[PDB]
4 protein chains.
Amino acid sequence: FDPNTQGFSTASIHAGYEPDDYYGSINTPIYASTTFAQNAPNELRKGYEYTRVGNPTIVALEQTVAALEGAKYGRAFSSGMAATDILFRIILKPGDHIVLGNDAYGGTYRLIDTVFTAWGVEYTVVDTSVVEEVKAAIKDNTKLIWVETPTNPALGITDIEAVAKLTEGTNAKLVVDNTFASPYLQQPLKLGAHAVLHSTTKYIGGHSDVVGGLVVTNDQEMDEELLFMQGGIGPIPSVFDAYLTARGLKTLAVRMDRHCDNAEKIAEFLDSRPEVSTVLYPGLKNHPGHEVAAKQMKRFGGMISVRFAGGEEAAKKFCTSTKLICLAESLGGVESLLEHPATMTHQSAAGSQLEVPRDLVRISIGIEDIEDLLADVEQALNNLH
Amino acid sequence: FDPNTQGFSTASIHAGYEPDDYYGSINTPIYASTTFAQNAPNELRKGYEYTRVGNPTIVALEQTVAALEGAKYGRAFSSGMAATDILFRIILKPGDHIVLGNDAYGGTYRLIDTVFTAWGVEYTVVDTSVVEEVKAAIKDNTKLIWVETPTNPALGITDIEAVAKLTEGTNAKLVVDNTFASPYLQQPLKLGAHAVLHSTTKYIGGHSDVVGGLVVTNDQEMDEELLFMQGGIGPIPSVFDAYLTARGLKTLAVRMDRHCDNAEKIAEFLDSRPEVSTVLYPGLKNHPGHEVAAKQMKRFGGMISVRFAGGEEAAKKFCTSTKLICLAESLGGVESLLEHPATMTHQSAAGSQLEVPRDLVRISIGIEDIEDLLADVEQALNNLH
Amino acid sequence: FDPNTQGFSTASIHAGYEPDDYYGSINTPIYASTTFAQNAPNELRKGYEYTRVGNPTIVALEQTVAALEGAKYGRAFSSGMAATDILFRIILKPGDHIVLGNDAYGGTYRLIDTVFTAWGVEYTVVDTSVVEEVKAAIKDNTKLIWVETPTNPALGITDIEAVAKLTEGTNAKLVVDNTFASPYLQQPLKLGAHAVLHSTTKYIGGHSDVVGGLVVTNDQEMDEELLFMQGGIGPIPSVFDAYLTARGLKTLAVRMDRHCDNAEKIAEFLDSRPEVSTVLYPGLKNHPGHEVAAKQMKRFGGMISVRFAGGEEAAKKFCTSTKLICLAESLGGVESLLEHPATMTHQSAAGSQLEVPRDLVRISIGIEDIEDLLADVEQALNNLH
Amino acid sequence: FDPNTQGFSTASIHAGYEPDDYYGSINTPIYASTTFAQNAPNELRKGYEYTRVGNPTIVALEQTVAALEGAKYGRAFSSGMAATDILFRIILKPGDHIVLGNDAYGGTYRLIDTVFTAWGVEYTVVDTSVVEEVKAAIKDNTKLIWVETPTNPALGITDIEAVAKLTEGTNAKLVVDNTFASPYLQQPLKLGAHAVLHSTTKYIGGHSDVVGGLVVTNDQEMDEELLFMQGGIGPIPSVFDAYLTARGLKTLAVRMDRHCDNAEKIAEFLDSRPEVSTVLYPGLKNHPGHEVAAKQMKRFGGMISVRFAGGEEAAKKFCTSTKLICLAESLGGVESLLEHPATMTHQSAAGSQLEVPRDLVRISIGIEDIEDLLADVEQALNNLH
Ligand SMILES: *Cc1c(COP(=O)(O)O)cnc(C)c1O
Ligand SMILES: *Cc1c(COP(=O)(O)O)cnc(C)c1O
Ligand SMILES: *Cc1c(COP(=O)(O)O)cnc(C)c1O
Ligand SMILES: *Cc1c(COP(=O)(O)O)cnc(C)c1O
Ligand SMILES: [Mg+2]
Ligand SMILES: [Mg+2]
Ligand SMILES: [Mg+2]
Ligand SMILES: [Mg+2]
Ligand SMILES: [Mg+2]
Ligand SMILES: [Mg+2]
Ligand SMILES: [Mg+2]
Ligand SMILES: [Mg+2]
């Protein structure tokens with residue numbers, strides 16, 4: 001398969017597997033085997049030996065996501081968090097420093113601030129939407145600039161190409177967590193990022209039924225260290241999960257186009273309502289970084305955050321008033337979800353500059369019919385009065 | 001379910017799940033969901049929120065293995081290696097020291113020696129079968145004594161109770177990797193170990209189809225830190241894998257009794273043959289530590305290692321001559337396997353005191369009929385001449 | 001959930017399952033259990049006893065497809081064929097008669113003609129696109145008129161409402177095999193059909209990884225007999241397959257809209273090429289029954305058949321020349337497929353009026369990028385010269 | 001693999017699959033694909049085309065069970081009932097007759113008596129333990145003698161060889177439903193049966209998590225008709241279920257030996273108690289047909305039925321008093337179950353000669369520790385007083 005000559009929807013179905021030369025099954029077989037027979041000691045039959053070191057069903061997934069990012073290399077992990085931990089352990093050692101943003105998944109922040117600081121790593125938080133702030137925070141020991149764009153949950157936007165330029169003449173690498181945009185909307189390697197991280201739990205799987213992570217790169221050395229760590233630390237996905245993830249990925253383009261259609265309409269409806277003080281959606285002209293988003297994103301995504309004029313009580317009542325959109329953690333599935341980040345996904349950021357306003361609700365707009373989602377949002381807003 | 005009043009086979013089926021109060025399915029449902037609806041923000045319906053932080057199908061497995069070890073607490077991970085890495089990160093920090101044995105899974109050693117030494121951890125290798133050697137190696141900064149018994153691949157034996165006594169008056173914890181014995185043959189917590197590790201990839205799953213790890217303890221603080229890390233680093237098992245693992249575990253006693261029946265007979269047959277210089281099997285009277293094994297193990301296991309009088313060429317030819325026993329990595333499945341550790345599972349120990357003799361073959365004796373396994377071993381031995 | 005007030009995409013995600021009142025998982029749990037504990041003899045805990053008689057994971061699927069058809073009742077089976085066999089056995093007995101069309105899945109025809117005629121059932125084949133031909137073939141013993149529209153493989157069109165009117169004053173029931181249109185494009189119960197059949201193997205699952213069938217109706221007596229036969233003959237789906245099918249169904253609308261976008265463009269391109277004698281696609285103005293299709297179908301589907309001016313040799317060479325579209329049986333998956341019906345899916349119709357022209361290729365247009373599918377078709381057409 | 005030279009436990013692991021010549025996975029891959037690429041129209045790559053007509057994962061299972069029965073041929077189905085229905089449809093036509101026993105699975109009886117009699121088939125019920133009664137019931141139109149031994153639920157015993165001799169000079173075939181004995185305890189083809197049926201739902205799977213059926217034979221014509229019907233009627237198993245079934249089958253010998261150990265001890269304990277009027281267990285010297293069972297069965301099985309001196313009230317109270325043995329339908333899993341057949345599995349036999357005494361409880365003795373099962377039975381018996 002050649003990624004450079006085929007479209008995204010084509011690649012999402014065909015980049016990882018073609019019907020094999022044995023039976024020719026249309027889909028990758030599920031190789032639920034921990035081991036593989038060898039033809040003689042350490043002479044492998046067809047490249048595989050032990051599933052923690054490699055399995056074809058997992059490699060199919062890896063190759064697919066790599067192709068969708070414009071990447072030669074990809075490696076999969078048991079979760080987005082485990083992928084982040086492995087990338088941290090490759091890039092950093094005691095005495096090194098990270099530049100991190102001021103709006104970010106609470107789990108990323110918790111890992112740095114609770115775990116990696118106990119192992120000798122330093123960090124600085126900055127507003128990554130201000131290129132000069134990032135530039136000022138880079139020290140001689142900075143090995144990593146960690147960017148999420150759009151950020152979770154406020155949907156803040158960073159200019160990837162501009163921040164990548166800052167790493168020239170330095171030993172810093174730029175890693176973009178591309179979970180919210182997905183590879184369908186944004187390809188950070190093409191703008192100068194060194195590596196890209198995904199939680200495949202979210203949009204790539206798309207069906208809220210498999211936890212997973214994945215790292216992609218064009219750096220063969222980085223691919224070798226990801227493989228070394230995949231096998232040597234062992235946070236590897238199940239073959240069943242890697243099959244389910246890849247299955248979901250086959251509909252990413254059609255899903256995301258509907259998520260973005262729906263979110264544009266719900267954001268416009270929220271922006272007309274006096275219960276709402278602020279709609280956070282990258283496609284709105286006044287959203288901070290809108291012009292950066294429109295240059296680097298194909299569309300503006302399925303996520304919306306909303307700040308309520310009636311404060312935390314209104315935010316929480318909105319959370320318990322919806323009847324189609326479900327109150328739950330996570331995002332990026334076909335079903336619509338909502339949550340209150342200050343008490344739920346980002347309770348771990350309390351006390352830090354990443355702490356989220358208590359009047360804020362984060363909504364993952366699914367692929368249900370827009371008329372039904374508009375009706376549910378409207379009735380929930382009317383339940384506040 | 002009460003573990004203290006029921007037998008091992010009973011617990012292996014019933015300690016993790018009883019038919020629920022909703023539908024009453026005989027087996028734990030497979031909760032292939034990343035998230036769970038809440039009744040209000042951060043008010044959970046029945047204890048679950050997000051699968052990386054907890055899922056009922058995974059907790060069923062955890063509770064089952066905990067009960068089989070005489071443990072109050074258990075936590076599952078994506079692999080034996082990932083479980084080891086998490087336990088290392090809980091117990092150690094920069095500046096701390098580990099005492100490790102001289103025969104051990106090459107992956108354990110690689111993790112310490114390549115990764116943890118780069119993060120400021122020190123270690124010392126000793127022969128853990130010599131209690132005085134362990135005692136001498138404990139320093140004021142020793143936080144961990146890591147014991148495997150029987151060891152992989154030489155089946156060396158450590159006196160768990162004796163080594164546990166060494167940790168009194170110290171800040172060292174004893175962790176036993178109980179993979180080879182399984183909880184059916186040996187219960188290190190009852191002899192004073194602080195925690196127990198398993199690769200469930202091996203005997204606990206038993207069917208060579210799921211990679212997994214698990215840690216058990218009676219220390220509630222340790223359970224809290226395992227949970228924190230499970231969720232915060234995220235090397236969590238798939239729900240499908242945790243179901244398959246627990247499914248396999250339901251036959252552990254009946255499997256292991258057949259593995260041990262078969263291995264006793266194959267070890268006796270090997271001990272009569274002049275092609276063999278040494279049979280390594282804990283149940284043989286001259287195996288080093290046999291008397292220690294007979295005190296702390298119910299039976300002597302399914303693993304045998306063999307050293308060939310004709311050296312490496314004979315070891316490798318034996319590997320390619322068997323027709324029922326398969327040449328492959330791994331162990332503890334219903335099918336019989338064999339491998340050459342110096343070139344395969346322990347190639348990573350080359351150069352170290354853990355390096356394995358090149359004349360050594362490690363055999364995982366399965367549950368096939370003994371007459372057929374004896375016939376296969378006999379014909380393979382006759383192929384050397 | 002109320003189907004009558006929510007949209008198709010909403011229903012496809014939410015009509016079968018809402019997060020339960022036990023744990024609240026976002027998705028239906030996989031109840032991989034053959035049996036369920038009872039509270040006393042034949043006093044069920046929550047409606048379930050034995051999976052062949054009923055399982056919640058299967059009922060979730062059933063309820064979802066029923067809602068998408070405007071049906072109160074649905075029952076699932078191991079395959080489209082097994083669903084057809086069960087419906088035949090309910091509606092017919094020895095001495096009864098069926099009216100069948102002249103273009104139909106070869107397996108339907110084989111079942112009638114090889115099996116049911118040996119059990120005393122009679123049939124007549126007619127062109128169901130000619131309402132008067134159907135009317136003339138109805139006898140006093142006719143219990144079933146079996147309609148496929150569009151037909152497999154020629155995409156012939158039947159006026160469902162008109163044929164349903166013919167059953168007034170008779171003991172005949174109209175059953176529509178709605179596999180090719182799916183419930184997203186066509187709802188035969190709303191036009192007077194008595195029951196609707198699907199092979200969920202095709203579009204409803206959508207991922208070419210699960211074989212299944214399903215029958216929907218508004219007749220409660222028919223639902224009772226489908227249940228009786230589901231449990232009493234036992235062609236029941238696996239719980240894993242019913243979960244996978246329902247998972248796929250969550251993207252039916254977004255998939256089908258892309259399949260129809262793509263097929264409209266490929267049909268137009270084929271209609272411009274002199275290698276092609278006839279393009280069979282319901283959306284073309286000259287396709288027989290186009291006006292009937294436009295009244296009863298929302299869009300015209302993802303399937304195209306093509307007859308080649310160079311006869312069978314050209315049809316077969318086209319089959320082996322495509323490099324993205326794969327030569328294989330089946331249809332309705334995200335990947336594009338093609339086949340030669342005379343030698344493959346319809347070889348069983350040889351000798352009958354259903355026999356398919358040897359110059360005919362049937363194409364299942366997937367959801368790949370149109371530019372890549374156009375390029376593949378164009379290069380394959382150029383390989384004929 | 002050669003079945004004739006290897007033992008049962010060997011075959012149960014190795015008769016269906018050997019590590020392939022492509023990747024060499026230790027276990028059969030799960031081919032979750034409905035279709036397979038062809039090299040040209042109707043030129044298959046490696047024997048497979050469409051999963052309803054054949055799939056390698058299903059064929060692995062089929063070949064395994066065939067080998068365990070001493071059979072050249074095997075074909076799998078979605079349930080035991082669907083397998084029975086297919087075998088009925090092959091062997092019988094309108095006007096033919098069946099000889100059936102007087103104690104039999106209620107579902108078998110329901111299928112004959114409700115469905116097949118409506119299609120022109122006749123039957124006669126006899127006591128199949130009386131060879132002369134079977135002989136007398138054979139007519140010129142008899143095509144099938146259907147034997148279960150031991151019977152469900154009374155554990156009645158039929159002399160297979162003797163009944164097979166009755167079919168000489170006739171057009172009758174003997175089919176044995178070998179579900180309760182399993183192939184580990186009894187091999188009816190070796191005693192003259194024409195075909196053997198299993199519900200793999202029970203012992204062969206062994207884990208109460210997969211519904212399935214299977215038919216084995218040495219008649220190649222019968223294998224061709226089973227294949228024809230498998231594909232043409234389509235009651236085919238899921239690939240996931242066929243993998244799970246075969247996984248379970250790998251421990252059949254070790255499971256069954258423990259089930260039989262346990263059942264012998266529970267039957268002896270029940271036979272000492274005055275609450276019990278009759279213990280039905282084939283290994284008891286006074287059980288009718290004990291001497292026949294000891295000739296044709298390796299051991300006497302895991303099932304026990306019990307008739308209570310205090311009648312139906314005592315039978316039902318025993319059912320609700322056990323705390324380890326669970327009240328549920330089904331049998332042959334690792335967990336112990338019990339049920340009241342008159343109200344549960346055999347309510348469908350009410351009114352017929354197959355109707356089961358209301359004082360009768362059927363117990364599926366699992367593989368839990370005997371001390372715990374004895375304790376549970378003893379306490380439940382003491383709850384009657
Ligand atoms: C959810 C999420 C993660 C963590 O991924 P998991 O798969 O839940 O471990 C990381 N980054 C972002 C932006 C996320 O939303
Ligand atoms: C295999 C093994 C491990 C590693 O477990 P994985 O599940 O392969 O990561 C650890 N300890 C021992 C003794 C082992 O044999
Ligand atoms: C494929 C198909 C069937 C048969 O369904 P299976 O799931 O393959 O048994 C029936 N009807 C039509 C129109 C089909 O294309
Ligand atoms: C359970 C059983 C059957 C029916 O099998 P299913 O898999 O439940 O359809 C047939 N025969 C006997 C003896 C059984 O116990
Ligand atoms: Mg990129
Ligand atoms: Mg939640
Ligand atoms: Mg212990
Ligand atoms: Mg190997
Ligand atoms: Mg309809
Ligand atoms: Mg094919
Ligand atoms: Mg037999
Ligand atoms: Mg029940």
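Counting starts at 1 for both ligands and their atoms, in listed order. Lettering of chains follows the sequences in order, A, B, ..., and the numbering in each one begins at 1.
- Those atoms of ligand 3 with a heavy atom of C:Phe180 less than 4.0 angstrom away are 15 (O).
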- request: Evaluate ring-ring contact (aromatic ring centres under 6.0 Å, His included) for B:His340 paired with B:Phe318, printing each intermediate quantity in order.
  value: CA-CA 10 Å; B:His340 184 241; B:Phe318 182 77; over 10 Å; no

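- Ion pairing between D:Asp21 and A:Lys46 fails under the 4.0 Å rule for side-chain N and carboxylate O.
- Atoms CD and CZ, on C:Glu62 and C:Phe77 in that order, are 7.5 Å from each other to the nearest 0.5 Å.
- Between the O atom of B:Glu49 and the O atom of B:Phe36, the angle centred on the Mg ion (ligand 6) amounts to 100° when rounded to 10°.
- The protein heavy-atom contact nearest to atom 3 (C) of ligand 3 is C:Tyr105 CD2, 3.6 Å.
- Remark: aromatic rings of C:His346 and C:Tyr109 are distant, center separation not under 6.0 Å.
- The ring-ring contact (aromatic ring centres under 6.0 Å, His included) search around B:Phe36 returns B:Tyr48, not counting sequence neighbours.
- Considering only residues two or more places apart in sequence or on other chains, D:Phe240 meets the ring-ring contact (aromatic ring centres under 6.0 Å, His included) condition with none of them.
- For ligand 3, the atoms closer than 4.0 angstrom to any heavy atom of D:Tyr50 are 6 (P), 8 (O).
- Given atom 15 (O) of ligand 3, the protein heavy atom at minimum distance is C:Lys202 NZ, 2.6 Å.
- Of all the listed residues (C:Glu329, D:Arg52, C:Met303), D:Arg52 holds the heavy atom that lies closest to atom 9 (O) of ligand 3.
- Regarding atom 13 (C) of ligand 3, its nearest protein heavy-atom neighbour is C:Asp177 OD2, 3.4 Å.
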